[PDB]
Protein chains: 6
Amino acid sequence: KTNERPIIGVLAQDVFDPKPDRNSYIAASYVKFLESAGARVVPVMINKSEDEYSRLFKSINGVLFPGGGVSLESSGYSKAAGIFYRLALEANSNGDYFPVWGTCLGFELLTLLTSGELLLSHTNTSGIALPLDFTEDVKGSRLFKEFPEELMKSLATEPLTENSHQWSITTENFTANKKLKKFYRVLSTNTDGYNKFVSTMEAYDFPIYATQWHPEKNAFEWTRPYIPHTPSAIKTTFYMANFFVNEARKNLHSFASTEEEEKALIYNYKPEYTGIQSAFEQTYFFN
Amino acid sequence: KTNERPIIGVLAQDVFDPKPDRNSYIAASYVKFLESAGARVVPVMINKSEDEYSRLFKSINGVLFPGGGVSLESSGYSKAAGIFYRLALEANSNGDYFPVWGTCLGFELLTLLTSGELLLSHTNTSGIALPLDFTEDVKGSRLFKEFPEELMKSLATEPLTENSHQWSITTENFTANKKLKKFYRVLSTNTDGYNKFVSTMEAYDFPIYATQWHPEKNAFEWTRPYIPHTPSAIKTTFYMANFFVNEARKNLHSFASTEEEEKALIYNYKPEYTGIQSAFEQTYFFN
Amino acid sequence: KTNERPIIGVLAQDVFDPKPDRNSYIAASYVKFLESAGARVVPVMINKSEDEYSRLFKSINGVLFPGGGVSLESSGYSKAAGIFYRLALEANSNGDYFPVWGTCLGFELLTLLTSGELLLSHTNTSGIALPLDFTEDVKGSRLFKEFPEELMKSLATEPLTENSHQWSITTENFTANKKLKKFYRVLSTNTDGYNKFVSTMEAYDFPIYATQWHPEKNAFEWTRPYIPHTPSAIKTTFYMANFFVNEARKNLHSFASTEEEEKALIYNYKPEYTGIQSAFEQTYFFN
Amino acid sequence: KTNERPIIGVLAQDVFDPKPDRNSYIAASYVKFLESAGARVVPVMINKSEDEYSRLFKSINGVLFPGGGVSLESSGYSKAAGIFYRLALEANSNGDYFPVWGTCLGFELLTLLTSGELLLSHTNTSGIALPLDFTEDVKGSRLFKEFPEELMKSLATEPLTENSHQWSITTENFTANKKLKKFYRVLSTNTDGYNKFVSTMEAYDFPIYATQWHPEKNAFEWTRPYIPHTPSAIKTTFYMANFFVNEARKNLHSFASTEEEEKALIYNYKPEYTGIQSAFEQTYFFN
Amino acid sequence: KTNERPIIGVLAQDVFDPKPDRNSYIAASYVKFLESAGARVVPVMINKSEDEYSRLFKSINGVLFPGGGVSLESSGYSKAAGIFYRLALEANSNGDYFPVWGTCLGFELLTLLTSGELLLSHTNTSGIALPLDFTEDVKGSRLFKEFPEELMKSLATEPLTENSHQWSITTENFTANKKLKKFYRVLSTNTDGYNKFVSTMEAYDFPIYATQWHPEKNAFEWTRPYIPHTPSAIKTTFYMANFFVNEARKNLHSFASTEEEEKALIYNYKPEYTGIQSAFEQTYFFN
Amino acid sequence: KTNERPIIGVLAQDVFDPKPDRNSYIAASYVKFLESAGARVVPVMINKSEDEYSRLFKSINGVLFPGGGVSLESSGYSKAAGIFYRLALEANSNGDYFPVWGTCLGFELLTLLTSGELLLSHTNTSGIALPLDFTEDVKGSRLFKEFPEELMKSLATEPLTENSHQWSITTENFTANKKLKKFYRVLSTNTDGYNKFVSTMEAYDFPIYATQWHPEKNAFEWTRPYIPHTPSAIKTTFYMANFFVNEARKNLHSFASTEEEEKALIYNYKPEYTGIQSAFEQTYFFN
């Protein structure tokens, strides 16, 4: 019994010096990530009412909190991400299956929403491709259950994952925190040469996945030199999103009416070519 | 010796009532098809000069000829497709590996370009999802070499391939044509219950590939009920693109300057929201 | 003993926009179909009582359930057919040989009436002429016993049978239904390229015969390009009607008043020229 | 090269007490006879200009002169028939293959048209069903070449041919006439016990066919006891028409437009229910 | 030894509407038939005892059974004719030469009496004048021995013999019945174009003669157009009657007294003029 | 051109002792004589105006004047026969062919009518059968032209002609009269022993025939021992009547309506059985 028309919320985030028509943004590569695995996409605006997110939550089939650079405590992004997290946790234990994806900044907020503590520390990972260093919990995991055995060996040995974060959470800072330990299964770690930090994780009891690294960049962003683009980096982006969309198909929510749908979809927006100098080749800007 | 930053051209084609800023178009799903496998895309304009096309040809790493409804003999599309075909044979013959993909109309165009003759018959395939009746020659094929065995079985038995064409070449007419028969290995057939036609083929001595069906739709088009959207149909569209792009990574062509490259890319254009009424969610219109 | 003045009822069917003198209709080609094999025809009105249909049933020699688009459960067509079907079983079981013929929508009602369930799937068969794929069971069959050999060869390989149905029963669903499996001998199947469905059948124990296709159109309908008209397509319409009318020659009912016979006969109605627009050259409408 | 949309003209004949809208008539059994063999019908009106008969002649694929009881010398029927006869002889000798069929009155008119004389004698043949007494010349013959052998045997021995004429041409008067004997191959005779008379004939060098009996009655007329209705009578009517209409599929005339076609067809007219009184169930009356 | 004053009984038959003085009738043409060949006539009454019949038989020189339409199995006519039939067989086997003549109904009754079965079929022979189709067996037959040759040739070719019967015995049924084959020499046959039947016979070993046709009508009945009246038809009636009376001359019976002879003779009755309505100019009616 | 329904007048004759309904008479044997040769008979009444005879004359096709014993000069018989004789002479000279037959008394009238004188004398001929003494002129003759040559030899050698007359014209008396001798060819003579008399004649220039004997009696009259009854005598009465009626077939008069035809015929009358007493079995008596 399945939803073969999934639609996924992707969270917008506060623009640095915000102006009308430029209050928040989404890099296009997050939209491509999901569409390529057979989902459609709805942007989730910054600074809306609790009721408004609650309407949309009940309409859409999952949410993704993208990476980026805004505050985890006082941004529109952080507030909205917080409502979805809470709504998502509520729906799942009611047996309404609703998955959540955290990427970089999104992963970092998930550690803050779950523990209630800002546990992040600097790492030299602002711009570098890395393999993954898997833990022993990987064999049992949901996230990587359908990855070809050969992609998994490639993951562990080749620099297939984009890192472009100044903050990470450390293996020790993670194990120490009671709340995180008992909530999230760690699936991979990484080192920056001095610090060993958590790189991919999934919740024991909820469809919540997070990567400190950017699975969306390998196939879709080309403006920096630390973005891997080898065939097996391309496959990695597909299989990561393929698993996530496959999670959203377990969700049966749907828009009230289909004209409502048409008006919510990312196809109403046109992104600009931000590639000549930004890290994003294209970005969507929202009032 | 590979090119891990491939750029693929996609042929625009003639709009029916050609007003300016609207003389040709590309269904965005063809762009998504290719980006998602880790290429970038350049739209190939509709009514340019042999010199202009060979300059684009010399900068790019492959071409795709999309489906559509435009004349196979007298359209801007048809003429420019001919030029690109001519140049690809020549390049390939000189050790310069350049791949060609044709979908639906492109595939139809390829039968004409290589046989020299218009060999198409009516078929009742305007909006049906079909499995592929593989031939014996799939066993050694280039195109399907990397497909997982599971997905090959799914393709033989499930309605994973979308058919939205009025014309096909029957297998009878393909076989009797000595030029097609010598040039192309047939990988699959299909039928409409009376006419048996060629559905997927690859060139024996050249990286030319072609499907009567539309691999790009499964992941990216949602407005028509004969577009398959199951997990296996989603894999299908990735694995089809993944093969084509891996072929383009064997090409070494590049742009004269990365200024000029920047001005060629599809990112320079905004597609229009066409999904309310049309078979495409998004279409790029060009002057 | 035989009846050489057989009279066969044809069932009228509900008009999409019912007015007076226009509540129901019979496409003229059904009447021509039976007349040409040497029967007379009585149209069977739609919204009548169980009781009036027995009086009509006792006077006639056969019934036929035409194709069309009306409801299989809630229509007056569906109710009246149900009554005739039951009347027919009782009668045959008591040594009163009474044959029933179903075409397109009538073949479909026959599956529902004998199985007790709706087992139909969408097929892409709205406007194509097909050969018949004969089962191994044609060799014994009643329906095809007097077809000339060459005609049977022609029918196996030439597009001689008109298909214009949105629904079918797949051979899967047929075979999984014990009641259908035990009741109907399958004489031919067809495909639309994915779905394989039953296209001709006869009951093992009852003079009940059904085609998913329209044998009546080849000789008598001219306004769509998927109706075949080669000489063997014409013989096909004659040999099909001839079999069924020779079945009716086995029933010894008669009208008790030669005066009411005179007033029930199709000759009291005049059909209108619907051919400029309709798939039907002529159509009888009834109050 | 063949015409699979044949259209055959049927001549109307003068009504005995002519009134507005009841000037001429066609018995509907002649319409049905031709439709059942896969032709469409055009009623040819009786008192029209020579340019109009020429326009109709050049549009249709054959002509039939029906039975009845109007004058062979001075009726609108006879003048129009003589025009069509002369058009057909000219067209056929010019390589434009055009068949002509004469039934009862039309057969008698053919003897007069081709001999230039009235050579008829009274015979006791109003009302009776007769076998055919085939001549030696049946063996080579065109008319009967596709009849099953067993139907030929039934024809030779069972009362399958409806006779309802007061006049015949005797075999003696036929052979004595130099023109008849040279023009027409005799296929069958019959006898009323005293007069032996020509019953079936075909022109040696022209596609001109003629029966003294009424092949169209068996399947379609039910109001007189001397109309045969056995299974093999019904096949007689089919095979007779089938042969003639296959003659018309050799003629490649077409109407000037599909609109002119539409306007000429018998579907513009509605027959009267005439069967309680007359030997015809239905009859088309024309102004 | 010869009887030159022959007296022949003609059997009366039941009126369809029995009333006093009108229970049986003889058409006068049968009396005139006999008289004109030089016989006198006694009407033979219908509802009499075996004894009354025996006494009459012994007195007369011959008997004739006329045509008409009463029952062959259950009328006064049929029972009386049976008696005479057995009496004549008995007399003739004992050298008492006694002729019997059966016309129409009489001819049919003879087939029943001698075969013991009802073997008759409908033929289209109620109103027509026919030649005789003589068998080889006429060659030395008794009936025609004294016919002039010129007359025999006219009878073979000209319509000299009056047919007005609904029933006949076919050639096939005559020759299949052993008793009839043994007993009757077939002199002529006739056909209505389908049924071939026996038209004149004579007993091999008995002076029993029969015609299915009516030789007495030609000279004496003027009420119908199918009675021949040419000169050789008049000759036919005379020679037919001449032969039968020359047979009766070989019989030597006489009446006991000449008063009884006088009371027996047709002369005691006066016929009625029935020519305005019926087929008979004059009919004798008896109580 | 002939008349094959001929109607012949027979003149009635004065009764001896006249009563009401008994003023005139005709022996039925003259009626049977003519019917037996295929004519109908009109009795011609005795005492009627010239205009009634002219009407009747113009209606009928011939006239017979019978034998008997009434005045040749002053009876109604004789006056009416004179009228008929004169009209018949006038019609014949104007090409209206009208034959007249005289028997015995009528023969004698004719000698009187054509000579203008009474030239009869006694002969011993009141009751004897005689052969004919043919003249050399019978070879020329019209009367006997169609008699079989064996009948001619019989008539000349056997007592075939009944004589029942008291008067004759001797041959001497015939030949002496210049009028008779130019008018009539003597066909036969006879002798009574002493007197040689004219017994058969026919006119050279008109169809008038006369016998002094009674051809009618041989087949029809049985009450006198000098009436011959041998098969030849029977044939004699047929061939004599046959010739006369064939003369009447050359005449084309008809009645002015069928109604009047019907009222004139002998069928309106019933004769009396006079056989116990008279030379006449049956006689019609008229008022």
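Excluded from the calculations below are hydrogen atoms, water molecules and symmetry mates; all remaining heavy atoms, backbone and side chain alike, are included. Throughout, a chain's letter reflects where its sequence line sits, starting with A, and its residues are numbered from 1.
- For the atom pair CZ of B:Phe65 and CZ of B:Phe107, the computed distance is 14.0 Å after rounding to the nearest 0.5 Å.
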What do the steps show when you test B:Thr171 against B:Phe197 for side-chain contact (heavy atoms from CB on, under 4.5 Å), and what is the final call? CA-CA 5 Å; B:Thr171 56; B:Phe197 61 98; 5.7 Å; no
Please step through side chain to side chain donor-acceptor pair (under 3.5 Å) for the pair C:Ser188 and C:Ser199, ending with a clear verdict. CA-CA 5 Å; C:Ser188 69; C:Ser199 56; 2.8 Å; yes
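- Side-chain contact check for B:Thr123 and B:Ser168: at least one donor-acceptor pair (N or O, by modelled atom type) lies under 3.5 Å.
- Proximity of a side-chain donor or acceptor of A:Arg249 to a complementary backbone N or O of A:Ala39 within less than 3.5 Å is not detected.
- Here the two rings, on B:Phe206 and B:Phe183, have centers that are under 6.0 Å apart.
- Partners of C:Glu221 according to the salt bridge (charged side-chain N to carboxylate O under 4.0 Å, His left out) rule, which considers only residues two or more places apart in sequence or in another chain, do not exist here.
- Rounding to the nearest 0.5 angstrom, the gap separating the CD1 atom in B:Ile208 from the OG1 atom in B:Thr114 is 7.5 Å.
- Here the side chain of C:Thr103 pairs no donor or acceptor atom with the backbone of C:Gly106 at under 3.5 angstrom.
- The 12-atom threshold is exceeded at NZ of A:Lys250, counting heavy atoms of other residues, nucleotides or ligands nearer than 6.0 Å.
- Counting heavy-atom neighbours within 6.0 Å of A:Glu146 CD, excluding the residue itself, gives a total above 12.
- Closest of all the heavy-atom pairs between A:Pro6 and A:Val245 is CG-CG1, 3.8 Å.
- No donor-acceptor contact under 3.5 angstrom links the side chains of B:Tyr226 and C:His122, judged on distance only.
- Between B:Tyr209 and B:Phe243, the distance separating the two ring centers is shorter than 6.0 angstrom.
- The aromatic rings of B:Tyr25 and B:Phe280 sit tilted relative to each other, their planes meeting at an angle between 30° and 60°.
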Dump the intermediate steps for side-chain contact (heavy atoms from CB on, under 4.5 Å) on A:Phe244 and A:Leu34, then the final yes or no. CA-CA 8 Å; A:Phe244 184 49; A:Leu34 303 167; 3.4 Å; yes
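- Side-chain atoms of C:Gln13 come within 3.5 Å of backbone N or O of C:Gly67 as a donor-acceptor pair.
- No donor-acceptor pair closer than 3.5 Å links the side chain of C:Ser74 to the backbone N or O of C:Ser71.
- Scored by the salt bridge (charged side-chain N to carboxylate O under 4.0 Å, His left out) test, A:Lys32 finds B:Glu35 as partners (sequence neighbours excluded).
- Using modelled atom types, one side-chain atom of B:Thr191 and one backbone atom of B:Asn195 make a donor-acceptor pair closer than 3.5 Å.
- Checking each of C:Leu180, C:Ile169, C:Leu110, C:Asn173 against C:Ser115 for a side-chain contact (heavy atoms from CB on, under 4.5 Å) leaves exactly one that passes, namely C:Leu180.
- Residues C:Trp167 and C:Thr125 have side chains that never bring a donor and an acceptor to within less than 3.5 angstrom of each other.
- Atom CE of residue B:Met152 and atom OG of residue B:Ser232 lie 12.5 Å apart, to the nearest 0.5 angstrom.
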Pair B:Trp213, B:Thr200 - check side chain to side chain donor-acceptor pair (under 3.5 Å), show working. CA-CA 8 Å; B:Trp213 50 291; B:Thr200 314; 2.9 Å; yes
Per-pair distances, 0.1 Å, donor-acceptor, side chain in residues 156-163 of chain B, under 3.5 Å, sequence neighbours excluded:
| residue | atom | partner | partner atom | Å |
| --- | --- | --- | --- | --- |
| B:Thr157 | OG1 | B:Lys153 | O | 2.9 |
| B:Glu158 | OE2 | B:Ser154 | OG | 3.4 |
| B:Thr161 | OG1 | B:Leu130 | O | 2.5 |
| B:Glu162 | OE1 | B:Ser164 | N | 3.4 |
| B:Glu162 | OE1 | B:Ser164 | OG | 2.6 |
| B:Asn163 | OD1 | B:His165 | NE2 | 2.9 |
| B:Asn163 | ND2 | B:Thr161 | O | 3.0 |

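- With hydrogens and angles disregarded, no donor-acceptor distance shorter than 3.5 Å links the side chain of C:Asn124 to the backbone of C:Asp192.
- When only modelled atom types and interatomic distance are considered, A:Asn61 and A:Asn3 share a side-chain donor-acceptor pair under 3.5 Å.
- A distance of 12.0 Å separates CD in B:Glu172 from CG in B:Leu119, rounded to the nearest 0.5 Å.
- In this structure, the separation between CG on B:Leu120 and CD on B:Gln212 is 8.0 Å, given to the nearest 0.5 Å.
- Atom CG of C:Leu143 and atom CG of C:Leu187 lie 6.0 Å apart (nearest 0.5 Å).
- For the residue pair A:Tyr97/A:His253, the side-chain donor-acceptor check at 3.5 Å is not satisfied.
- Residues satisfying the salt bridge (charged side-chain N to carboxylate O under 4.0 Å, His left out) test with C:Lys235, not counting sequence neighbours, are none.
- For A:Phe255, there are no ring-ring contact (aromatic ring centres under 6.0 Å, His included) partners two or more places apart in sequence or in a different chain.
- Side-chain N or O atoms of C:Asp14 include one that pairs as donor or acceptor with a backbone N or O of C:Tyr77 at under 3.5 Å.
- Residues satisfying the side-chain contact (heavy atoms from CB on, under 4.5 Å) test with C:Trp222, not counting sequence neighbours, are C:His229, C:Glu281, D:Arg5, D:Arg40, D:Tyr267.
- Here the side chain of C:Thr211 pairs no donor or acceptor atom with the backbone of C:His214 at under 3.5 angstrom.
- A tilted orientation is assigned to the rings of B:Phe147 and B:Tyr239, their planes being inclined by 30° to 60°.
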